[PDB]
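The chain contents come next:
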Amino acid sequence: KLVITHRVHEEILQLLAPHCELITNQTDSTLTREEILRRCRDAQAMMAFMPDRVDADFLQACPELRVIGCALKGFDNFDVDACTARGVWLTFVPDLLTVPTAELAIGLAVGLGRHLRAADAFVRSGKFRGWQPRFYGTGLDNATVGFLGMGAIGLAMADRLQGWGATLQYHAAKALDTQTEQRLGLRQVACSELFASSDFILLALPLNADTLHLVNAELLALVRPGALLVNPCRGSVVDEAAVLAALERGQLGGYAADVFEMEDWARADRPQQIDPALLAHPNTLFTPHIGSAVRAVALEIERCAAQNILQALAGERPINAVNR
Amino acid sequence: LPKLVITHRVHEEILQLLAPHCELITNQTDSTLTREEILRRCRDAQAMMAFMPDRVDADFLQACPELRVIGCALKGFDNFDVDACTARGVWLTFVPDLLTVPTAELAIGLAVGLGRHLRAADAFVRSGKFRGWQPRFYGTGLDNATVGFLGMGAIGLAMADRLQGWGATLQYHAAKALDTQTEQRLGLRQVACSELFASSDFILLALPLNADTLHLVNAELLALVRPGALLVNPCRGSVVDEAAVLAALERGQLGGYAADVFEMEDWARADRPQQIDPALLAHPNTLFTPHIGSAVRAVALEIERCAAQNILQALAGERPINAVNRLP
Ligand SMILES: NC(=O)c1ccc[n+]([C@@H]2O[C@H](COP(=O)([O-])OP(=O)(O)OC[C@H]3O[C@@H](n4cnc5c(N)ncnc54)[C@H](O)[C@@H]3O)[C@@H](O)[C@H]2O)c1
Ligand SMILES: NC(=O)c1ccc[n+]([C@@H]2O[C@H](COP(=O)([O-])OP(=O)(O)OC[C@H]3O[C@@H](n4cnc5c(N)ncnc54)[C@H](O)[C@@H]3O)[C@@H](O)[C@H]2O)c1
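- Per the deposited record, the coordinates in this entry were obtained by X-ray crystallography to a resolution of 2.3500 Å.

**Points about unusual backbone geometry**
Leave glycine aside and you will find that most residues have negative phi; peptide bonds, for their part, are mostly trans.
Phase 1 of the analysis: Positive phi, normally seen in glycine, also occurs at B:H117, with a value near 60°.
Phase 2 of the analysis: Positive phi values are uncommon outside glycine, yet B:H215 reaches one of about 55°.

**Some remarks on the interface of chain A and chain B**
Phase 1 of the analysis: Facing the 58 residues of chain A at the interface are 57 residues of chain B.
Phase 2 of the analysis: Three residues stand out in chain A for area buried against chain B, namely A:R114, A:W131 and A:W164, and they jointly supply 16% of the buried area on that side.
Phase 3 of the analysis: For the pair chain A and chain B, the interface holds 2 salt bridges.
Phase 4 of the analysis: Looking at the side of chain A that touches chain B element by element, the count peaks at 8 residues for helix α5 (residues 98-113) of chain A.
Phase 5 of the analysis: Here the residues of the side of chain A that touches chain B sort into 32 nonpolar, 13 polar and 13 charged.

**Thoughts on the nonpolar core**
Phase 1 of the analysis: Counting 141 residues, the largest nonpolar core has A:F147, A:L203, A:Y255, B:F149, B:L205 and B:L231 as the members making the most contacts within it.
Phase 2 of the analysis: Once residues within four sequence positions are removed from consideration, A:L203 is found in contact with A:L148, A:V215, A:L229, A:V230, A:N231, A:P232, A:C233, A:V237 and A:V238.
Phase 3 of the analysis: One finds A:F58, A:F78, A:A82 and A:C304 within the second-largest nonpolar core, a separate group that totals 46 residues.

**Section: the domain arrangement of chain B**
All names here are of chain B.
Phase 1 of the analysis: For chain B, the assigned domains read domain 1 (1-96 + 294-328) and domain 2 (97-293).
Phase 2 of the analysis: For domain 1 and domain 2, the distance between their C-alpha centres works out to 31 Å.
Phase 3 of the analysis: In this assembly, 17 residues from domain 1 lie in contact with 16 residues from domain 2.
Phase 4 of the analysis: Both faces combined, the contact of domain 1 with domain 2 buries some 1400 Å², and carbon together with sulfur accounts for 63% of it.
Phase 5 of the analysis: Summed over the shared surface of domain 1 and domain 2, the number is 1 salt bridge.
Phase 6 of the analysis: Notably, a salt bridge pairs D78 with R236, separated by 2.9 Å at the nearest N-O pair.
Phase 7 of the analysis: Among the residues making up the side of domain 1 that touches domain 2, the classes are represented as 10 nonpolar, 3 polar and 4 charged.

**Here we look at the packing of α5(A) against helix α5 (residues 100-115) of chain B**
Phase 1 of the analysis: The N-to-C vectors of α5(A) and α5(B) enclose an angle of 130°; their axes lie 9 Å apart at closest approach. Looking at the two axes, α5(A) sits oblique to α5(B). Of the two possible hands of crossing, α5(A) and α5(B) adopt the one that is left-handed. Across the interface between the two elements, A:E103, A:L104, A:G107 and A:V110 of α5(A) pack against B:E105, B:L106, B:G109 and B:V112 of α5(B).
Phase 2 of the analysis: Residues of the contact of α5(A) with α5(B), tallied by class, amount to 4 nonpolar, 2 polar and 2 charged.

Rules used in this analysis
For each chain, numbering restarts from 1 and follows the sequence as written, which can differ from how the entry numbers it; residues lacking coordinates are not listed. Whichever chain is written first is A, and whichever ligand is written first is 1; the rest continue in order. Values reported for side chains reflect all heavy atoms of the structure, with hydrogen atoms and water molecules removed beforehand. When checking whether two residues touch, look at their non-hydrogen atoms; a contact exists if any pair is within 4.5 Å. Buried area counts how much accessible surface, traced with a 1.4 Å probe, disappears from two parts once they are put together, with both parts' losses summed. The salt bridge definition used is simple: a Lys or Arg side-chain nitrogen within 4 Å of an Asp or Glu carboxyl oxygen. Secondary structure elements follow DSSP: runs of H or I no shorter than four residues count as helices, runs of E no shorter than two count as strands, and numbering proceeds from the N terminus. As a working rule, the residues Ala, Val, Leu, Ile, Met, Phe, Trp, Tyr, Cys and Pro are called nonpolar, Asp, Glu, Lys and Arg charged, and the rest polar, with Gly in that last group. We call a set of buried residues a nonpolar core when its members are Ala, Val, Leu, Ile, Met, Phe, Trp, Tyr or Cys and they connect through side-chain atoms within 4.5 Å of each other. A 1.4 Å probe rolled over the protein chains alone gives each residue an accessible area, and that area as a share of the maximum for its type sets the label: buried under 20%, exposed over 50%, partly exposed in between. Each domain span listed reflects an automatic or database assignment of domains. An axis is simply a line fitted to the C-alpha atoms; with a helix, the fit covers only the stretch in contact. Between two such axes, the angle follows the N-to-C directions and lies from 0 to 180 degrees. Note that the term roughly parallel is reserved for angles under 35 degrees, roughly antiparallel for angles over 145, roughly perpendicular for angles of 65 to 115, and oblique for everything else. We call a crossing left-handed when the near helix sits turned anticlockwise from the far one by less than a right angle, and right-handed when that turn is clockwise.

In structure tokens form, the structure reads like this:
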């Protein structure tokens, strides 16, 4: 018995069908936590998506569970240790999400830098009347781009920015080997230096206890006036309220984000919404967690999660297991 | 001192560079100068510094017999009758490189923004109705896509430079082939025009407006595109037939149109439309910018400088470094 909480490609149902009894959700809807939990009561397997939160109380109510196959990279809403305590494999997708998310993050950098939203609303209002000196903005040429985090998305973005004439630097918990540093023209800097010397700041790190509200009032206070911040990872890696305050005083030049604190279900004090004053600020650009919203990629993400689930159900160690 | 007419506001530093050599008739106030007013200022001028709003035809030159050089603060001189300039011994100069990169940057941004439904995505978040991830808002990435470039000069190349590592298959069609070193370097393959339009997931324009390129992207070429193909125009409005573009959008064949430029601003075109069609402005599968390709302020100051230096070379009797025409 396998529960799939959200819609997947028919080809994926067909790969699963001969090994598993499928309890599926082929709608564009997200079901309530209580319905998902009802479906998983006697389930051996769960295919889990971004809206899902799995904790000890969840696992306790589902004693037959052998594997959670997550169709995602950041498992921050899944209690890994609780999974391991109850003999449950926790599985993720380590690479397939990286490229479309990195593409979006560059696009958001450029869009934020060039006042794309405002520019577009201006043409659409039928007020455009040929060239004027207006909407002057920030490009990547001769700029300094700093990466917080240098794993999959950091590296993919660094690859993609090779021809953009920018100076690249990064801060991470784990250093790149210096060979890769030379080849990508990356300089490793301290976090303070990162925030003080970067015209663009691209966040590329997971959400965990140590990264929660890491990007706070203190780090923001170090930024060059007009610096641009882009968040393609997890909302709670920044203090959205400190981001707002930084924008209102004019020090932060722009915040663009694909992700929001309000999505981070594992948090007891999770905000119920994005602050209306952040939505209203002109120096912003937002997308609704579409980092990997390419259909062709979704198929492969679904397939990878499916493969992991079938491996676990066959007694094997899943290739992308997150626990041991 | 030779008299120099500047049609638009310029940075103070540029006044200081020019005032020692020329009498300046400036427009630092940016007040709307009518053709008739510009002619009045230029009637006994030895030089004009021209910008994107300027249009110079044979009748204009005729009325300005002292002119020796028109210094253009721009790349695309489609609005300046070069041949008429040459025949009257007036240098015409432009700015070959300073506009390239920021325009290339904008256009990749527009490609990604168009591909990923940025406008609608942002509206949804800003609406207050975001509830977290959903299996919707699906888009088109660059990885595994075929990107076709029409034109392969300064901007075409800056764009190709910027797409290295993006996992895309790169192809192009131009009036002149790229050298093989550069095709090898950038992974670019040369193909016919029609082939480019039939096999590209992204089509990125990178060509000037002239009599051969006018309305080149017409109903005929658009009828070849893969359904869902995305078209990006950072060049001139009129290399495209916006009406044929709109119909291709409404039909559902063309997946999207993004533009930094519009037919309505191509002033030398007697028959240009008076506006961008409201139905195109209202179409969901679009993304627009108001001719801000070069709008990075570090860059505008240098654009003005370049045009100013060229004027000065011309006035000193030199052949100006960035002359477009060639004089006997
Ligand atoms: N918006 C989306 O659609 C989307 C898609 C995929 C991933 N993500 C999120 O992005 C995060 C990162 O993605 P990835 O694939 O690059 O992950 P990754 O694990 O490959 O890279 C993480 C990087 O962050 C660094 N890091 C960890 N703790 C840090 C700290 N305290 N300070 C500074 N750096 C630290 C690591 O050293 C590593 O360099 C994921 O955890 C996920 O939550 C979002
Ligand atoms: N949006 C902006 O702010 C902005 C900024 C700079 C330039 N531009 C416009 O972009 C245009 C292109 O700029 P560039 O710097 O790349 O010019 P360029 O002269 O360096 O390159 C033009 C390219 O177009 C090709 N071409 C010419 N006629 C063609 C045809 N009939 N079919 C196919 N290809 C043809 C040429 O072979 C050349 O490769 C300029 O003429 C200008 O109008 C716009």
